Structure formats: structure tokens, C-alpha cells
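[1] Once you've seen the sequence and the experimental structure below, I've got questions.
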Amino acid sequence: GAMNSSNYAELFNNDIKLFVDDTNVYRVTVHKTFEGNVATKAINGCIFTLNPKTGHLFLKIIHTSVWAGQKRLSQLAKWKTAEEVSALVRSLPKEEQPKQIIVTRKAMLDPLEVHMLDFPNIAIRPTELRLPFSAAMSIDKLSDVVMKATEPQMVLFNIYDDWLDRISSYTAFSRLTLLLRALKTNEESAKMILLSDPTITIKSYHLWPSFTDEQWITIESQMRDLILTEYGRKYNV
Amino acid sequence: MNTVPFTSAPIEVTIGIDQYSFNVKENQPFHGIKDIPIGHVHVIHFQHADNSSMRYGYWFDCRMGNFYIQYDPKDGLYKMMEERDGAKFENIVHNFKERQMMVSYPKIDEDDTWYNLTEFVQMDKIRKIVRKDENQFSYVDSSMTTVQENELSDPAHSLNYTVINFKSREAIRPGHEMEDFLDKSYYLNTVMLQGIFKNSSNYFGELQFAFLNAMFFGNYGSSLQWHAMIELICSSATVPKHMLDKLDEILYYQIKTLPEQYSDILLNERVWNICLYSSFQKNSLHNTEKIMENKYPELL
Ligand SMILES: COC(=O)Cn1nnnc1C1CCCC1
């Protein structure tokens, strides 16, 4: 059924699973028109499809041309996400196909269920976790590939860099969610924390800086302080 | 006019005949029902006074044979049987008719209610939903499950309604997932009408039969089928205009006949609010919308 804090270790077992987040599929800017009405302009988006055990991220870039001449774009975006996830599953060898797909928003359940009717043994599930995957576009190398795309494209990343050499997937996912939550809450301060020290830099083939074990502890503490600092700013605590 | 005689009435029972009902006392001199209108299917149904468990009954058409009811003390119910000796049957009916031991089917001449509820219902189609080929009449009860209910358990005692499942490969063409899920016209017109039912009269007959089994027996699977068949039409953008007009008439008479005190268990709020106020056909069921708003505004 739904995925919550009681079955959280299930994310790191040996049953292949993918999270699907559709927040960033249909993105727009809102602006006034010459006549004083309001218009939207779409910008490139992306589907965030992540294996939480391995860190493999299938980033399908959604080019603005897919919306051309279409109506009800917010609805279409869910069905387009489901179509693309279905296509991804069919493209994977059988032994790589997920046994479960967990959608971050309940509105993705029916579109994905309908697109996956041919896969009755893949469970489509919601989650009670509030996961900050919308902040994926705060990761500079991900945002750059999305905004530069001139056509639909799929790009593969490992969102954990090389962390699994040193830590478990439970800890790596916890680190990711903390980083993404901080980037979502105060992007400028999070990037400052992540980039202030110039002696520690991101490898060409990585998304995050090359922190030692001790430095990750320091960074994680600074991210938790940021989140708490912003909570206090928000609620006047 | 035709007659369903009773050998006797050994146990106290509420007897239904179509939309009518009456009580018979234990061992009362009751010998059946006369003046049954020829030209329609009928249902004769039972609820025992000492055990309201299992409503049960029989669908029949007096044009197909001479049927009578006799209580079986071993299986503990009133059973319909067919009398093959026509002369014996005529003689027994005449005797009971002369002794005034039959109730008269109490049809008001102005009243088209039963025709309006059974316009599309045919015995031959009933006998394919309810499979007991050795009898010309069909037994239904409160507890019988549907083929679809059994897939989600004795198959011989099941209601074989046409399975409707909005999230099934039958309902959704590969490549048309969004289209077919948000607009059920393919599933209604190609799969169901052209493919399975052949015409709208057969679809409406099954819809009407499901409603009647829900109302007269409290059969839960029948109520599910009734609502599914309504939702399938209302959720289709493309429906022949004659079908929408006829559906409005069908549903109006069903809502009109429904016992007010059973509305909470016979009407699905989600389906009705969706069909009347959100669906493609939300403006195509004027008569049904008006009776629903005036009789059951709480459901909405
Ligand atoms: C052979 O069984 C019977 O004869 C039963 N019976 N007894 N009295 N009436 C009947 C029914 C038989 C046909 C009409 C009513």
C-alpha cells in the first residue's frame, strides 16, 4: 500500500524500486501581457526517477515542445510522466525492472496504474514521506542539463556520487534528503554551506563536493542548523 | 391474465410480486396470485417472517410455461416449479379461483411503473446471467455473488453480469491511455455496445435487471453492477442521443420506485454526484437530476 516511516527500511532492501517525482515536469513563468492580462510561458522540465538503493537517477528532460498546442497541461503532465516511466520500464532488461514504483504525489497513481496495466506484478504505491525531490533543480549540474536541452533527452546520474563506497544506502538517502530539504528551504544558504570552502571542490564526474567523512558530518550539521534556523524564522520561534 | 398458484403456505412469509408485497400468516389458506399481466417478465419474492436472512425469489414469464410455488420443508424455502400437465394446472387454478384463495395482482390502470422498470428486460437474457438451464425461471437471492466479485466462490450459484472494470486492458487501448481513461466512449461504444451487448436494448436490460435485484433482494453485487453501468455511460463523451434520453427515463423510474428508507444502502454518493454534476453527461439527465434533488438532496 502506502509507504511511510513504519516500513522505511523497505527502501533499502534488495527488491528493485523506483521513486517517481513529477513536480518539475510542467514548469512555467507567469507574466503580464501587453493588454494587461496574464500569460504563462513554459520552461524545460524533468521527471525525477530514482532508485533509492543504488542512487541511479533516470532524469527524463521534458522539452517545452511537448506542450505545443496541447490543452490542460497540468493534467497532461501527469499522463506524460506516466507514459515516460512506462517507456523506461519497458526499455530496461527484465532483471532490472522495478518490483515497485513509489509516486511522491497521489495524483500520479491512476495515470501510472493505467500506463502499467501490462505489468500487473509491478506495484504502484503512494508514500506518506514528504520527500524534497522538487529541489533537484537546485543541483547545478542537473539544472544545467535541463535548461540547455533543445529536444527530449534522458540523462543518467548517480545522485549519491561515490558515497556508497563509504556509507550504506540508508545513510546515503538520509544525506540526500537532508541536502535537498535544505536546498528547498533556503537555496542560497545551502549552496553557501556546500561551496564556501574553495579547497574542497566537485569532481567533473560528481554532483556534490568531495567531502571527507568528518567534513560530511560538519556539513550535515550545518544543513540541520539551516533547516532549524529557517523554521525559527518562519514561525517566529 | 396468468396465475402462479401455491400448493400451500406452511410458514409465515412476506411475499413480493413485482413492486407489490403482502404478508401471509403461518398455515393461512393462501393459494397464490392471479391476474398477472401478460407481456412482462415478473419476479415473485420471499422474506420469511421468522428469519429475514436470505431474501430470495424467482424471475419468470407466464408465457413460457405454467409455474407454481410449493414450500420444501427440507431446504426450508418456497420453490418455483413448472407443471407440465396443462389440464391439471387449469383445473387446480380454477378451483382456487372459485374459492377466492388467491390475491389479485393489484395493477392500477393508469400505472405503467412495472413496464417502465422492465422495458428492456427479457427472460432469455436473465437466463444467461443466472445459469440453471433445466428451469424456465431463474432463482436469485440476497447473498449470490457476481462473476466479478468472485475474481477479486461456487461458480454455479453466481450472477454472470458483464464485467466492467475501468482500469483493465479491455477498457484501455494501448497508446490511448489518457484518452480512454478520461473518456470512456471507446469502452462503451466499441467494446460493450458493439462487441458484447450488440445493442443498447441489451445493455439497458442488464442495467434494469441489476437494479431490480439490488432493490428486491438487497443483492450487493447487483447494486455494484447497476452503478458501474450508469457510470460507464455518464463518463463517455460520445453517446447516441437516443441512449441518453432513454437512460434518463430508466433512471427516473428507478429513483421514483426506490424505497425512501433504503436510499442510504442502495445509492452510491460518489457515483451519483459524479454522474449528475461532474460527468460529460451532467446536463443530459434532466428528469433524473430533478427527482434526485427533490427526493434525496442529502445524497448530494
Ligand atoms: C404434483 O404436485 C402437485 O400437484 C402440487 N399441488 N398440490 N396442489 N396444487 C399443486 C400445484 C400443482 C400445479 C398447480 C398447483
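    Sure, I can see it. Numbers count the residues shown, from 1 in each chain, chains lettered A, B, ... in the order given.
[2] Which parts of the stretch 201-300 of chain B are helices?
    B:220-234, B:241-257, B:263-266, B:269-273, B:286-295 (DSSP state H, counting those that start in this stretch).
[3] do the stretch 51-200 of chain B as well
    For the stretch 51-200 of chain B, the helices defined by DSSP H, counting those that start in this stretch occupy B:86-98, B:113-118, B:123-129, B:147-151, B:177-182, B:185, B:200-217.
[4] Buried deepest among those, which one?
    helix B:200-217 (a mean of 23; mean count of other CB atoms under 10 Å in any protein chain shown). Backbone N, C-alpha and C define where each C-beta goes, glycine included.
[5] That one versus helix B:220-234: what angle between them?
    140 degrees (axes from the mean of the first three to the mean of the last three CA atoms, to 10 degrees).
[6] In three-state terms, label residue A:183 for me.
    The three-state label given to residue A:183 by DSSP: H, G, I helix; E, B strand; the rest coil is helix.
[7] Now do the domain split for the chain, please.
    Unless you meant another one, I'm taking chain A. With domains defined by CATH domains of a matching chain, chain A comprises A:9-163, A:164-237.
[8] Chain B is the one I meant
    For chain B, curated CATH domains gives the domain ranges B:1-143, B:144-300.
[9] Give me the distance between the first one and the centre of its chain.
    Which is domain B:1-143. Centroid separation between domain B:1-143 and its chain, computed with CA atoms, centre = their mean, to the nearest Å, is 15 Å.
[10] So which elements touch the top helix by length along chain A?
    Of all the segments of type helix in chain A, defined by DSSP state H, the longest one is helix A:213-235. Helix A:213-235 is packed against helix A:169-185, helix A:187-195, with contacts defined by 3 or more CB pairs under 8 Å, 6 or more residues apart in numbering or on different chains; DSSP states H and E.
[11] hey, which of the domains of chain A is tucked in deepest?
    domain A:9-163 (a mean of 17).
[12] how long is that one end to end?
    18 Å (CA to CA, to the nearest Å).
[13] now check that domain, is it near chain B?
    Yes: Domain A:9-163 reaches chain B (CB under 8 Å from any CB of the partner chain) through A:76, A:79, A:82, A:83, A:110, A:111, A:113, A:114, A:115, A:117, A:118.
[14] so the third one sits right up against residue A:109, yeah?
    So the one you mean is residue A:82. No: the pair residue A:82 and residue A:109 does not pass the contact test of CB atoms under 8 Å, sitting 9.5 Å apart.
[15] which residue lies farthest from the center of the chain?
    If you meant another chain, say so; for now it's chain A. residue A:35 (37.5 Å; CA atoms, centre = their mean).
[16] Not quite, go with chain B.
    What lies farthest from the middle of chain B is residue B:175; by CA atoms, centre = their mean that is 37.4 Å.
[17] What about residue B:5, how many residues nearby?
    When counting by other CB atoms under 10 Å in any protein chain shown, one arrives at 22 neighbours for residue B:5.
[18] In three-state terms, how would it be classified?
    Applying three-state DSSP: residue B:5 is strand.
[19] out of the residues of domain A:9-163 next to chain B, who's near the ligand?
    Near the ligand, judged by CB under 6 Å from any ligand atom, there are no entries from these.
[20] Closest one to the ligand out of these, please.
    residue A:117 (54.0 Å; CB to the nearest ligand atom).
[21] Put together TSV for the residues of domain A:9-163 next to chain B, with secondary structure and distance to residue B:159 on each row.
    Putting these into TSV (DSSP: H, G, I helix; E, B strand; the rest coil; distance: CB to CB, whole Å) gives the following:
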residue	secondary structure	distance to residue B:159
A:76	helix	39
A:79	helix	35
A:82	helix	34
A:83	helix	37
A:110	helix	28
A:111	helix	32
A:113	helix	27
A:114	helix	28
A:115	helix	32
A:117	coil	26
A:118	coil	30
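[22] give me the residue from chain A nearest chain B.
    Closest to chain B within chain A is residue A:79: 4.0 Å, counting by CB to the nearest CB.
[23] Quick check: closest non-adjacent residue to that residue.
    Nearest in space to residue A:79, with sequence neighbours left out and distances taken as CB to CB, 6 or more residues apart in numbering or on different chains, is residue B:178 at 4.0 Å.
[24] was I right about the one you found contacting residue A:76?
    Yes: taking CB under 8 Å as the definition, residue B:178 is a contact partner of residue A:76 at 7.3 Å.
[25] that older thread, closest to residue B:84 out of the residues of domain A:9-163 next to chain B?
    residue A:117 (51.2 Å; CB to CB).
[26] then whichever strand or helix holds residue A:109 to PDB, C-alphas only?
    Residue A:109 is part of helix A:109-115 when elements are defined by DSSP states H and E. Provided in PDB are the C-alpha atoms of helix A:109-115 (Å, rounded to 0.1, in the frame of the first residue of the first chain):
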ATOM      1  CA  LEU A 109      -1.400   6.800  -9.100                       C
ATOM      2  CA  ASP A 110      -4.100   6.400 -11.700                       C
ATOM      3  CA  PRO A 111      -2.000   7.700 -14.700                       C
ATOM      4  CA  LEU A 112       0.800   5.300 -13.800                       C
ATOM      5  CA  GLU A 113      -1.500   2.400 -13.000                       C
ATOM      6  CA  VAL A 114      -3.200   2.700 -16.400                       C
ATOM      7  CA  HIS A 115       0.100   3.000 -18.300                       C
END
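[27] roughly how far apart are the residue nearest in space to the middle of chain A and residue A:47?
    With distances taken as CA atoms, centre = their mean, residue A:133 lies nearest the centre of chain A, 3.6 Å away. For residue A:133, the distance to residue A:47 equals 10 Å [CB to CB, to the nearest Å].
[28] Same check on residue B:72?
    65 Å.
[29] same thing with residue B:150?
    Remark: distance between residue B:150 and residue A:47 (CB to CB) = 39 Å.
[30] swap in residue B:33?
    Residue B:33 is 67 Å from residue A:47, by CB to CB.
[31] Pull up the pairing partners for the lengthiest strand in chain B, direction included.
    Secondary structure of chain B per DSSP state E: the longest strand is strand B:51-60. Sheet pairing here is set by DSSP bridges, and for strand B:51-60 it gives strand B:42-48 (antiparallel), strand B:138-141 (antiparallel).
[32] can you pull the contacts of residue A:220?
    For residue A:220, the contact set (CB atoms under 8 Å, 6 or more residues apart in numbering or on different chains) comprises A:175, A:178.
[33] Equivalent analysis for residue A:209, please.
    Taking CB under 8 Å, 6+ apart, we find residue A:209 in contact with A:194, A:195, A:200, A:201, A:202.
[34] of those, list those near the ligand.
    With CB under 6 Å from any ligand atom as the criterion, those include none near the ligand.
[35] Go through the residues you listed and say which is closest to residue B:84.
    Distances from residue B:84 to the contacts of residue A:209, taken by CB to CB, are shortest for residue A:194, at 91.7 Å.
[36] one step back: most packed of the strands paired with strand B:51-60?
    strand B:42-48 (a mean of 22).
[37] That one near the ligand at all?
    No: Strand B:42-48 lies out of reach of the ligand by CB under 6 Å from any ligand atom, never closer than 13.8 Å.
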